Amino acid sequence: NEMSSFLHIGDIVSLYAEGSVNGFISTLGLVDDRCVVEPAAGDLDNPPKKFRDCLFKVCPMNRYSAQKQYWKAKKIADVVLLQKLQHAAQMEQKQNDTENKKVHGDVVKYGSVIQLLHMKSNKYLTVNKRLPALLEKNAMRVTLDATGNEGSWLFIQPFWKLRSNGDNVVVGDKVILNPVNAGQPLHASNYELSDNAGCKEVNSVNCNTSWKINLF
């Protein structure tokens, strides 16, 4: 009765929320960038249909400073500068590919930063501190983004007493996902989507939501 396994970078997992509502965090398609929880869809004892759409891959923290610099950048000296920034952004993207490969399989520790890549849409969960959530106006917006950015960084923190910063995250653990930039944990709200009955908005705001991480 003591068996268990650790969460590793590269693992494919589902995240089951227990906050304002309970349920797996899922999506609405390959285009829609909203994240939701459909409590009635299913639970841990009875998984929803097309459960594959609830899967995310645990990824390392990517570099995004050069990419951001290039965006802001959007006279010959300026055209050259722009080309230089474009190249720096490309090199950064290549650096992430290279460096992320080196940490594949590494154990995920509490206190570390991770990114969650939605498998089906191939987009990262992202929290935008400068944009209010769609439904719960006091919260910050959570969306799926193909390239991801600084808003994709998430601290995986202890939810239970027995876990401390630096401990390995154990499969089955209930954890707190706290976006690095936003500053408030991922929240499973009870705000119903008007165009998708039964689906609740996932956002970022001061809350007590826990996320149970399970392998597939």
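Sequential numbering from 1, following the sequence displayed.
Trainee: Using none, 1 to 3, 4 to 9 or 10 or more, say how many deposited residues go missing between residue 102 and residue 103.
Mentor: Missing residues, residue 102 to residue 103: none.
Trainee: Got a sec? Mean C-alpha B-factor, which is higher, 200 to 208 or 18 to 26?
Mentor: It is 18 to 26 that shows the higher mean C-alpha B-factor.
Trainee: Tell me which stretch, 45 to 53 or 62 to 70, has the higher mean Cα B-factor listed in the entry.
Mentor: That would be 45 to 53.
Trainee: Quick one: which of 138, 128, 112, 115 shows the highest Cα temperature factor in the PDB entry?
Mentor: Highest CA B-factor of the listed options: 138.
Trainee: Looking at the C-alpha B-factor values in the deposited entry, which of 36, 180, 40, 156 comes out highest?
Mentor: Largest recorded C-alpha B-factor: 40.
Trainee: Should residue 190 be placed in the lowest, middle or highest third of its chain by the C-alpha B factor in the entry?
Mentor: Residue 190: CA B-factor falls in the highest third of its chain.
Trainee: Lowest, middle or highest third: where is residue 88 by Cα B-factor in its chain?
Mentor: Middle third of the chain for residue 88's C-alpha B-factor.
Trainee: Can you tell me which third, lowest, middle or highest, the CA B-factor of residue 142 falls into for its chain?
Mentor: Its C-alpha B-factor, which the entry lists for residue 142, ranks in the lowest third among residues of this chain.
Trainee: Sorting the chain's CA B-factors, does residue 79 end up in the lowest, middle or highest third?
Mentor: Its C-alpha B-factor, which the entry lists for residue 79, ranks in the highest third among residues of this chain.
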